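K.L.:
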Amino acid sequence: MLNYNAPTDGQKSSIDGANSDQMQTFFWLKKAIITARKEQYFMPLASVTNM
Amino acid sequence: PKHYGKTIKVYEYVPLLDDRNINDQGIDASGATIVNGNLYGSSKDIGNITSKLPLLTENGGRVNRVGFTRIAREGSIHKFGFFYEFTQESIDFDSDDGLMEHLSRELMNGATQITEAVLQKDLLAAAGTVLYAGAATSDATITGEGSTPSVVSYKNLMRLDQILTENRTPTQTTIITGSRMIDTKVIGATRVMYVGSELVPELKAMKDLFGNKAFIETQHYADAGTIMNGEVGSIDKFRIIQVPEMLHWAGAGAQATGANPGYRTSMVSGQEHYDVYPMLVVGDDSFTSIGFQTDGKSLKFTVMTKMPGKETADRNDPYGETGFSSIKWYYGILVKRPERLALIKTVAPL
Amino acid sequence: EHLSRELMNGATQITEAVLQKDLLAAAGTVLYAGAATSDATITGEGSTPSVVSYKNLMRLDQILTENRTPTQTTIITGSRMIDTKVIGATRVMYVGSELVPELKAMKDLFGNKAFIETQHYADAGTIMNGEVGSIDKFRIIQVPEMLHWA
Amino acid sequence: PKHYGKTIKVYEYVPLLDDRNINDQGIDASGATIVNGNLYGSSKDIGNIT
Amino acid sequence: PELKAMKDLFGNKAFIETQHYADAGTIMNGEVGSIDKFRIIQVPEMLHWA
């Protein structure tokens, strides 16, 4: 039987030969995880003097 | 979607100043090449910061250079199913009608329970932040005998809270201010933690730093507060939820001698070993489910039923006296931020 | 877009660190916990470890009172709700994340607990950002990015 | 009711995943016959479930 | 009496009499108190094995 076994691992699909492999094995979300800016406590305390 | 394999991947972008950002683009203030690109890692030393500060003269050429990095994640899906079969005489001559309804109901309930267990074990396996009670460093080192038994304590919960706060994990709940009724006390807990039914007595026996009772039951703060489903109490900053079907590792602990003071044990290969219990904490946006042709749901169940008759007639059975029923589904999980999952492994009293 | 965002975030963080280290360097009144008289004399092993205690905070408040430093906060009187305590903390203190367990485990002169959590006085009071509690005259504020000598 | 003797009887249907469910209709994932029909009893062991 | 002499995990009094929670609650007939999560009812004619 023609089987899709585990192309990512050592196993290969039944239809694929010695010189072939699957073009698309995974899927991409396109939405990246990001980290927010740190908070700062000391900056609001300062008062500005013009130079 | 279809025709894309059985895997989903995603990128994560590391900030500039973390230790995970490793590269060779660095150039220090003197202009010489340097090993690390980021100015300084997650280091709070004043000496290191002073040494590695970016300073400029009037003419600044090729003085300070930086770099960046990104990380990738992945997850996969699997397939499950089971079935049963019967005859026509068993249905026609049986004492009570409606047996098929009972069988179908039990089949569906079993399927749902198996789905829940499969999800829970994956969540337990994929935990990122792990603490071991006592002096243990792994599952095999967990024991209830010796100078330091592997039992959860107040300081372990405090350390878990400190780590979660450091990871910038969001808080689930809000604090509770007191009411006017006598014998009612305040509880400032802001996170939710799930425990099994076996660990509750040990939590009840816990004491805080000053020897007072640490486990506050729900009847104390039921007024002026909202009680979650299955909640049993609150310790420190966590609110305890009791899950009926919480799983555990049996026999994963160290070998048990005759000096056992009353903790649960199990027999593995003719030898007695201790048990390990999860004490799980799940943060917000930690994971997501993968749905394959589920119409926007986590699970979709497919059921096929064939009754006895001409459709079941075959070469092996020319009369067609058999039938069956089956059910199957797809499941998979993707973990985005593993650090938001927390776990505390400990033994439980008998 | 990602590169520019991370660049700006790093710039802001660096400026915050520089301001904090300058403020720490420019301190006028300095107390050393324990019997230490300098950084090299600070130690954790011996008859008297150099760990903060109640008397050090009392001395700091006394020195600030002698200096005629203005007060930041007013006291809090009791509330009607059960299990609510009164606090007369008057000044604001910034500590790192590492010192919080030590502050929580600290006890006063007579053996009782000194640290008072925010849940007790949240009613009939205002809670500042990143505040863990109040000890004696000071209200403790936890700053994630506090710098330490190593 | 009258004319039915002196005895009353009823049924109770046990769930699929109980330990009281003892039967011979069992085939494992490999395909070989096994003693127990229910997948697993009231066992919370992760190893056994896996 | 044996229930009244019982001690809890910390060594304090486990038994709680009805006069404490008679207000803001309904006292069942024959109730003498409460221990843990059970409400104790005293039956005059409880039988025993001798």
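These protein sequence lines map, in sequence, to chains P, A, C, D and F. Heads up: the first sequence begins at 1 in our numbering, then just goes up one per residue. Heads up: the second sequence begins at 52 in our numbering, then just goes up one per residue. Heads up: the third sequence begins at 402 in our numbering, then just goes up one per residue. Heads up: the fourth sequence begins at 552 in our numbering, then just goes up one per residue. Heads up: the fifth sequence begins at 602 in our numbering, then just goes up one per residue. From the three backbone atoms N, C-alpha and C, an ideal C-beta is built for every residue, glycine too.
Within 10 Å of its beta-carbon, does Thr475 of chain C have 16 or more other beta-carbons around it, so buried, or fewer, so exposed?
P.N.:
Exposed, because fewer than 16 other Cβ atoms sit within 10 Å of the Cβ of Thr475 of chain C.
K.L.:
At 9 Å on the CB atoms, spell out the chain D contacts of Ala301 of chain A, in chain order.
P.N.:
What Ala301 of chain A touches in chain D: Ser594, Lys595, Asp596, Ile597, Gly598, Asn599.
K.L.:
Who are the neighbours of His54 of chain A on chain D, taking C-beta pairs under 9 Å?
P.N.:
Near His54 of chain A there are no residues of chain D at all, since even the closest Cβ is about 28 Å away, more than 9 Å.
K.L.:
Cα-Cα, which of A:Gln223, A:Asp147, A:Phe134 is closest to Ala580 of chain D?
P.N.:
If we check each option's Cα against that of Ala580 of chain D, A:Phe134 comes out closest.
K.L.:
Just list the residues that DSSP pairs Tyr370 of chain A with in beta bridges.
P.N.:
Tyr370 of chain A pairs with nothing; no bridge assigned.
K.L.:
Rounded C-beta distance between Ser635 of chain F and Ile642 of chain F? I'm assuming under 8 Å.
P.N.:
About 10 Å; that fails the 8 Å criterion.
K.L.:
Under 8 Å between beta-carbons, which chain A residues line up against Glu518 of chain C? List them in chain order, please.
P.N.:
The answer, in chain order, is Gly239.
K.L.:
Anything in chain P within Cβ reach of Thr466 of chain C, meaning under 9 Å, just list it in chain order.
P.N.:
Neighbours of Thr466 of chain C on chain P: none; closest Cβ ~21 Å, over 9 Å.
K.L.:
What is the DSSP secondary structure of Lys638 of chain F, reduced to helix, strand or coil?
P.N.:
In this structure, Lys638 of chain F counts as coil in the three-state DSSP scheme.
K.L.:
Leaving aside the five residues before and after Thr25 of chain P along the sequence, list all residues of the same chain whose C-beta is less than 7 Å from its C-beta, in chain order.
P.N.:
Same-chain partners within the cutoff: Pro7, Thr8.
K.L.:
Between A:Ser376, A:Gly195, A:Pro295, A:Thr363, which has its C-alpha nearest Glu167 of chain A's C-alpha?
P.N.:
It is A:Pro295 whose Cα lies nearest to the Cα of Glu167 of chain A.
K.L.:
Near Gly239 of chain A, what residues of its chain come up, given a Cβ to Cβ distance below 8 Å and the 5 sequence neighbours on each side ignored?
P.N.:
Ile226, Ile227, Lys288, listed in sequence order.
K.L.:
Following the continuous beta strand (DSSP E) through residue 481 of chain A, name the residue where it begins and the one where it ends.
P.N.:
Any answer about residue 481 of chain A is impossible in this case: the structure gives chain A only from 52 up to 401.
K.L.:
Determine the burial state of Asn589 of chain D: buried for a count of at least 16 other Cβ atoms within 10 Å of its Cβ, exposed for fewer.
P.N.:
Under this definition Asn589 of chain D is a buried residue.
K.L.:
If contact is defined by three or more beta carbon pairs under 8 Å, each pair taking one atom from either stretch, is the region 109–126 of chain A in contact with the region 317–326 of chain A?
P.N.:
With a cut-off of 8 Å, the region 109–126 of chain A and the region 317–326 of chain A do not count as touching, because too few Cβ pairs lie within range.
K.L.:
Name the chain A residues that come within less than 7 Å of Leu29 of chain P, Cβ to Cβ?
P.N.:
Within chain A, the residues near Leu29 of chain P are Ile59, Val61.
K.L.:
List, in order along the chain, the chain D residues whose C-beta lies closer than 9 Å to that of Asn160 of chain A?
P.N.:
Those within 9 Å of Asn160 of chain A in chain D are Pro566, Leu567, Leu568.
K.L.:
Can you pull the chain C neighbours of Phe261 of chain A, defined as C-beta to C-beta under 7 Å?
P.N.:
Correct list: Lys514.
K.L.:
If contact is defined by three or more beta carbon pairs under 8 Å, each pair taking one atom from either stretch, is the region 192–200 of chain A in contact with the region 511–530 of chain C?
P.N.:
Short answer: they don't touch.
K.L.:
Grab the span of the beta strand (DSSP E) containing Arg242 of chain A for me, first residue to last.
P.N.:
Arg242 of chain A -> beta strand (DSSP E) spans 242–246.
K.L.:
Excluding five sequence neighbours on each side, which residues of the same chain lie with their C-beta closer than 6 Å to the C-beta of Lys351 of chain A?
P.N.:
Here the set comprises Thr345.
K.L.:
How close, in whole Å, do the beta carbons of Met330 of chain A and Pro502 of chain C come, if the pair is a contact with beta carbons under 8 Å?
P.N.:
Not quite, the Cβ-Cβ distance comes to about 20 Å (not below 8 Å), so this is no contact.
K.L.:
Just confirm the distance between the C-beta atoms of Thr316 of chain A and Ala307 of chain A, as a whole number of angstroms; I'd bet it's less than 8 Å.
P.N.:
Correct: roughly 5 Å between the Cβ atoms.
K.L.:
Measuring alpha carbon to alpha carbon, tell me which residue in A:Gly229, A:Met232, A:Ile384, A:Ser377 is nearest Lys172 of chain A.
P.N.:
For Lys172 of chain A, the nearest C-alpha among the options comes from A:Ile384.
K.L.:
Looking at chain P, is there any beta carbon in it that lies within less than 8 Å of the beta carbon of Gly479 of chain C?
P.N.:
False, the Cβ-Cβ gap to chain P never drops below 8 Å.
K.L.:
Using a beta-carbon distance cut-off of less than 9 Å, what residues from the region 409–441 of chain C approach chain P?
P.N.:
Answer in chain order: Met409, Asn410, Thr413, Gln414, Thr416, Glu417, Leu420, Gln421, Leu424.
K.L.:
Are three or more beta carbon pairs between the region 367–374 of chain A and the region 41–50 of chain P nearer than 8 Å?
P.N.:
These segments do not touch.
K.L.:
If I follow the unbroken beta strand (DSSP E) through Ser127 of chain A, where does it start and stop?
P.N.:
Element bounds for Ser127 of chain A: 121–138.
K.L.:
Let me know the secondary structure DSSP gives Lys379 of chain A once reduced to three states.
P.N.:
In the structure shown, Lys379 of chain A sits in a strand (DSSP, three-state: E or B).
K.L.:
Count the other CB atoms within 10 Å of the CB of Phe611 of chain F; is the residue buried (16 or more) or exposed (fewer)?
P.N.:
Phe611 of chain F comes out exposed.
K.L.:
Mapping DSSP to helix, strand and coil, what is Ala275 of chain A?
P.N.:
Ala275 of chain A: coil per DSSP, three-state reduction.
K.L.:
Looking at the unbroken alpha helix (DSSP H) that takes in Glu157 of chain A, where does it start and where does it end?
P.N.:
From DSSP, the alpha helix (DSSP H) with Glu157 of chain A extends over 150–176.
K.L.:
Touching or not, the region 229–246 of chain A and the region 480–487 of chain C, by the rule of three or more beta carbon pairs under 8 Å?
P.N.:
Yes, the region 229–246 of chain A touches the region 480–487 of chain C.
K.L.:
Does the Cβ of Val237 of chain A have 16 or more other Cβ atoms within 10 Å, making it buried, or fewer, making it exposed?
P.N.:
Per the 10 Å Cβ criterion, buried.
K.L.:
Is the shortest distance between the beta-carbon of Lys387 of chain A and the beta-carbons of chain P less than 8 Å?
P.N.:
Yes, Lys387 of chain A counts as interfacial toward chain P.
K.L.:
Does any residue of chain A have a CB that is nearer than 8 Å to the CB of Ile15 of chain P?
P.N.:
No, no contact with chain A.
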